[PDB]
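Line order of the protein sequences matches chains A and A'. A prime marks a further copy of an entry chain. In this text, residue positions in the first sequence follow the entry's author numbering: the first is 1, and each later residue adds one. In this text, residue positions in the second sequence follow the entry's author numbering: the first is 1, and each later residue adds one. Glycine included, each C-beta is placed from N, C-alpha and C at the ideal position.
There are 2 protein chains.
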Amino acid sequence: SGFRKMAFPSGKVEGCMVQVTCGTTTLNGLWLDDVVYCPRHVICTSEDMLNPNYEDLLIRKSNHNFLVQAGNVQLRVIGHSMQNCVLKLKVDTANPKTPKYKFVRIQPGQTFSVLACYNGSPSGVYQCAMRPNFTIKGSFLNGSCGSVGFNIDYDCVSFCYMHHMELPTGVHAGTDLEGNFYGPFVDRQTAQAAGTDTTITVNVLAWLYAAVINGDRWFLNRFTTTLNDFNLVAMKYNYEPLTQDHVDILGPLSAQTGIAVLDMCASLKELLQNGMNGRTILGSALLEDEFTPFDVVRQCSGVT
Amino acid sequence: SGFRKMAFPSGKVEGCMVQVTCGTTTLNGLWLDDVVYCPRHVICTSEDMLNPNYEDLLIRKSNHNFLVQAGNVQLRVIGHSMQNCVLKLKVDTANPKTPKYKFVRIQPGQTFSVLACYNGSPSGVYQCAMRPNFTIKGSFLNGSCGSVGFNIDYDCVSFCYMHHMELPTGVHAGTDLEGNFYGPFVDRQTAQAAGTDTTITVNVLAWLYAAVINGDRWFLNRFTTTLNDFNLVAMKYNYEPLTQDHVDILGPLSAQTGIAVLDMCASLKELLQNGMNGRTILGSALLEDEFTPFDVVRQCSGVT
Ligand SMILES: CC[C@@](O)(C(=O)Nc1cnccc1C)c1cccc(Cl)c1
Ligand SMILES: CC[C@@](O)(C(=O)Nc1cnccc1C)c1cccc(Cl)c1
């Protein structure tokens, strides 16, 4: 029993972190096989960041300008290329600690673990959700760029995020491992709007099921609702509209607890309309949306 | 910017986890050098747990009865001994992945990362605080016994906790790595009282400083208080009394923010007396107490 915001064990990712330096800029890189992946803004000075022409900037760089260090050993750079907003530095040595891996582009509302790094060294690990507006609410300081997000399925690491920037609002933006930004963001020091964020409804329902499984049941009521009635309330409270696809993914939790998804929606409706009245759910005084239905099943069943 | 409940990178600990089986009971063990540490209740059947005589139970066991498996390779057991509530199984091979380590007994209110494991395999990592009543609010299911808590200082892992049991209340109890329980708990399936828990006042103040550093300032007020006036409020709200030792540890955060510790105490006093009025602090609708002043400095400065 108990329910925590749990991150994946970070060992397989720690073995891939390297430090990348170009000129006077240092950030993190990800060494998988004989390639090091890092944000392309490693080639910029602070002055370049205001309006960088990455193609022109990269042309003044040669393989020997990219200094890649793994722990205390230097990697020899034999190739360099830009793919979208990431640089791929071909090295002469395959990372001996390369885990089985995939590059995946996650959907908004999905969760992942972040291994925050500075100078190629891991500082901590935490669990994040990609917001519906494609930002992440992380914990990152200058130098954390190149830190990655990932999920693990048995022995396979699916890398889904690489950190690139902090918006003036204090929220974070980054790319998939092909260098494609999540959201409308560009890798330039200019004010950029993150659209309206919404609460991930399917995750809140999943977390309500986790609460029932662990004994926190005070919010269960004698009511039910319909998908259309519930979505009228979701719209009013800036919650994502719930679809039959979301109900279908909640199926296993509905089966295990015997609480129909629409009955849980009616509990969520009353919580939105009346608040928590000074009470808590799983040690939280607000509705938590950074646990997917998959996360709830995994944590509640001890998947390793 | 941003502030997250961050755990230490778990790689160094993942390399130490093993599976220990004795009879029909399987749990986790910690392999450091040529010794495997695990909860002594690995020698019990469910029937023994009601009132075990560990000395008598261990006498019916020989080295060959303890099956220790690291990944897929079997370790040869050449010695066994009981120290308090842990078993130490001497093996013929030193763990090649043994990190630099220490065994430490933490104080209540201190924090640590837990690597939850099942069958010797890591499932997740999360950050915990040892409650003032010496319980932890973890996420553990049957089979998680032997999972450990730890802190890391550069390359040194200080192991501080080994999981042993879940109390009937759903909270968790365990030992230091010498097998000494934190709190009054015994390793027996009998109802056991965890005393009154209190909120870790110095940690809440540290988290309030983290909030100010990250821009959440609405709770700062025009008031101040004294240690004695503040402690009258702390007693009324089941908060730990604040001492000059606690004020001294908050010194660096007071210096960085320019907010005197007693002025932050007056902000905390008003929050306790008036609540949050439907507002949040660092994405929380309650006062968070599982970040120490050390954690706040480390996270806010990017220590790796
Ligand atoms: C220092 C600026 C920047 O490197 C950044 O946001 N870094 C940064 C990242 N995370 C947290 C804090 C900081 C400071 C920057 C700014 C705009 C665009 C891009 Cl691609 C990069
Ligand atoms: C199954 C009982 C027990 O192994 C336990 O609490 N395990 C357990 C641990 N964490 C979470 C869930 C479970 C179930 C037990 C009970 C009393 C005393 C002791 Cl030393 C051990």
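Sheet register partners of residue i (DSSP bridge)
i                      : result
residue 150 (chain A)  : A:113 and A:159
residue 121 (chain A)  : A:118
residue 79 (chain A')  : A':90
residue 7 (chain A')   : A:125
residue 41 (chain A')  : Bridge partners of residue 41 (chain A'): none, in fact.
residue 100 (chain A') : A':156
residue 199 (chain A') : A':239
residue 281 (chain A') : A':284
residue 166 (chain A') : A':172
residue 305 (chain A') : Only positions 1 to 304 of chain A' appear in the structure, and residue 305 (chain A') is not among them; the question remains open.
Status (buried if at least 16 other CB within 10 Å, exposed otherwise) for residue i
i                      : result
residue 199 (chain A)  : buried
residue 74 (chain A)   : exposed
residue 93 (chain A)   : exposed
residue 59 (chain A')  : exposed
residue 238 (chain A') : exposed
residue 169 (chain A)  : exposed
residue 62 (chain A')  : exposed
residue 309 (chain A') : Outside the shown range of chain A' (1 to 304) lies residue 309 (chain A'), about which nothing can therefore be said.
residue 50 (chain A)   : exposed
residue 32 (chain A)   : buried
residue 43 (chain A')  : buried
residue 255 (chain A)  : exposed
residue 6 (chain A')   : buried
residue 78 (chain A)   : exposed
residue 273 (chain A)  : exposed
Contacts of residue i in chain A (Cβ-Cβ under 8 Å)
i                      : result
residue 172 (chain A') : 2
Closest Cα partner of residue i within the set the options
i                      : options                          : result
residue 296 (chain A)  : A:9, A:210 and A:138             : A:210
residue 160 (chain A)  : A:130, A:145 and A:137           : A:130
residue 30 (chain A')  : A':40, A':24 and A':127          : A':40
residue 171 (chain A') : A':140, A':152, A':187 and A':76 : A':140
residue 189 (chain A)  : A:206, A:164, A:9 and A:201      : A:164
residue 197 (chain A') : A':246, A':38, A':136 and A':293 : A':136
residue 111 (chain A') : A':293, A':303 and A':302        : A':293
residue 250 (chain A)  : A:185, A:261, A:225 and A:76     : A:261
residue 45 (chain A)   : A:67, A:68 and A:21              : A:21
residue 116 (chain A)  : A:27, A:70 and A:56              : A:27
residue 167 (chain A)  : A:133, A:15 and A:156            : A:133
residue 55 (chain A')  : A':64, A':86 and A':37           : A':86
residue 149 (chain A') : A':81, A':226 and A':114         : A':114
residue 19 (chain A')  : A':84, A':71 and A':90           : A':71
Three-state class that DSSP yields for residue i in the structure shown
i                      : result
residue 62 (chain A)   : coil
residue 27 (chain A')  : strand
residue 32 (chain A')  : strand
residue 49 (chain A)   : helix
residue 264 (chain A') : helix
residue 286 (chain A') : coil
residue 219 (chain A)  : coil
residue 14 (chain A')  : helix
residue 235 (chain A)  : helix
residue 174 (chain A') : strand
residue 70 (chain A')  : strand
residue 21 (chain A')  : strand
residue 181 (chain A') : strand
residue 141 (chain A)  : coil
residue 192 (chain A)  : coil
residue 300 (chain A)  : helix
residue 258 (chain A)  : coil
Closer than 8 Å at the beta carbon, the chain A' residues around residue i
i                     : result
residue 280 (chain A) : 286
residue 214 (chain A) : 170
residue 192 (chain A) : What residue 192 (chain A) touches in chain A': nothing, since even the nearest Cβ is about 15 Å away.
residue 115 (chain A) : 9
7 Å Cβ cut-off: residues of chain A touching residue i
i                      : result
residue 5 (chain A')   : 5 and 126
residue 14 (chain A')  : 9 and 11
residue 118 (chain A') : 302 and 304
residue 69 (chain A')  : Per Cβ cutoff of 7 Å: no residues; residue 69 (chain A') is ~14 Å from chain A at best.
Amino acids of chain A', ordered along the chain, whose beta-carbon sits closer than 7 Å to that of residue i
i                     : result
residue 141 (chain A) : 302
residue 108 (chain A) : Ordered by position in chain A', no residue passes the 7 Å Cβ test against residue 108 (chain A), which lies about 18 Å from the chain.
residue 166 (chain A) : 1
Proximal residues of chain A, C-beta to C-beta of residue i below 9 Å
i                      : result
residue 137 (chain A') : 2, 4 and 283
residue 271 (chain A') : Simply none; closest approach about 13 Å.
residue 30 (chain A')  : Those do not exist, as residue 30 (chain A') stays about 15 Å from chain A at its closest Cβ, beyond 9 Å.
residue 313 (chain A') : As displayed, chain A' neither begins before 1 nor continues past 304, which places residue 313 (chain A') out of reach and without an answer.
Closer than 9 Å at the beta carbon, the chain A' residues around residue i
i                     : result
residue 189 (chain A) : Residues of chain A' passing the Cβ test: none, with the nearest at roughly 15 Å.
residue 122 (chain A) : 8, 9, 11 and 304
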